[PDB]
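Let's start with one chain on its own, the form deposited in one PDB entry, as structure tokens.
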């Protein structure tokens, strides 16, 4: 077993219908990696479709500060195994849960830092003519601080997009309308709501009235004191017209964020 041979398994850090993710130490270099382990999907399934998007995202993407690094991938015993960078801070979703429990928070500044850092990640992905298509707190990881985009199973081309929608909570209406002419801006829409989650918003609606209200450009209720200036940035990021939303480029260079 390559897995057993090359790595020692330390602890399970993730699980879902997607499979499991394990904290492992690689024997050769003593370093910690996150190994995603998944049952090999049925041929011609959504699962195989998902799986394929991730393989070829790696093939195209190089290393980047704000994208979870991919090291290798292989298969054995009808399972697919992917060796990733380990982020010792866990996910932004875990962090928000902890805040909601311990009763700390992300200061307005820390929210600006998160937007900019994930913004930098997107700028890079978009520059390689790809889109992530599932930005949300659980797909943003933390290394201790650095924020990094993970889970590339929804990644597709800007030009010839094969679109499996991400989480309905973070989804731009135009994508639901089968409009794929400006996919990068769906990532921007989705980042904005991710930040609003970090800022302590009540859980985001999955559909119904409040879902629609948001896609009219209406921000969820925040529990804290944010400047009108940062507010408008977050607001225009969920503008119903995707062309009015900042590109990742315009984002990373925006006056409010820097720095």
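Take the two forms, find the largest set of C-alpha atoms that superpose within 1.5 Å, and that set is the rigid core. Numbering follows the first chain given and starts at 1.
The form deposited in another entry exists for this protein as well; it is not shown, and the discussion that follows is about that form.
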Q. With the rigid core superposed, which of 177, 88, 181, 104 has its C-alpha shift by 2 Å or more between this form and the one not shown?
A. 104
**Q.** Per-residue C-alpha change between this form and the one not shown, residue 203, threshold 2 Å, rigid core fit
**A.** no
Q.
How about residue 223 - superposed on the rigid core, does its CA move between this form and the one not shown by 2 Å or more?
A. no
Q | Yes/no, residue 61 Cα shift of 2 Å or more between this form and the one not shown with rigid core fixed | A | yes
